[PDB]
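Residue numbers (PDB author numbering), protein chains in the order written: chain A, 42 to 58, 63 to 83; chain C, 45 to 58, 63 to 70; chain B, 43 to 58, 63 to 83. Please read the structure below before turning to the comments.
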Amino acid sequence: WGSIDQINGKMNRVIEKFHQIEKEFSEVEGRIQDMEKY
Amino acid sequence: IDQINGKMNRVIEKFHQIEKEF
Amino acid sequence: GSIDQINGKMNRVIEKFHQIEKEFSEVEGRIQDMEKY
């Protein structure tokens, strides 16, 4: 099960970094929005 | 262990939807 | 100002999206293979 524990870890890290990339994109979006509105 | 497959099917859940989000 | 800044940030975000795609495909592949064999 060290092979499962290991893919559990690989899936967790893919998920964590997607959430970081998602947040970064949100911030970019919100600044396109500032520029467009203000 | 039932415990690490328990997790897997759970972690695998969030992974699958992110697949979709990707 | 804010225009070249967004342009830089967005390009770097897109770069990081392409990295995460490849990593996902590789993790998925490994899960598929564990389940198949």
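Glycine is no exception: its CB is placed at the ideal position from the N, C-alpha and C atoms.
{"Item": "Reference B/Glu-57, options A/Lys-82, A/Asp-46, A/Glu-67 and A/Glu-57, closest by Cα", "Value": "A/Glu-67"}
{"Item": "Environment of C/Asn-53 [buried if 16+ CB atoms lie within 10 Å]", "Value": "exposed"}
{"Item": "Start and end residues, alpha helix (DSSP H) containing B/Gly-43", "Value": "Careful: B/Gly-43 lies outside any alpha helix (DSSP H) and carries neither H nor E."}
{"Item": "Spatially closest choice to A/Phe-70 from B/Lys-51, B/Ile-45 and B/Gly-43, by CA coordinates", "Value": "B/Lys-51"}
{"Item": "Helix, strand or coil at A/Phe-70 according to DSSP, with G and I counted as helix", "Value": "helix"}
{"Item": "Where A/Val-55 meets chain C, residues with beta-carbon distance less than 9 Å", "Value": "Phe-63 and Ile-66"}
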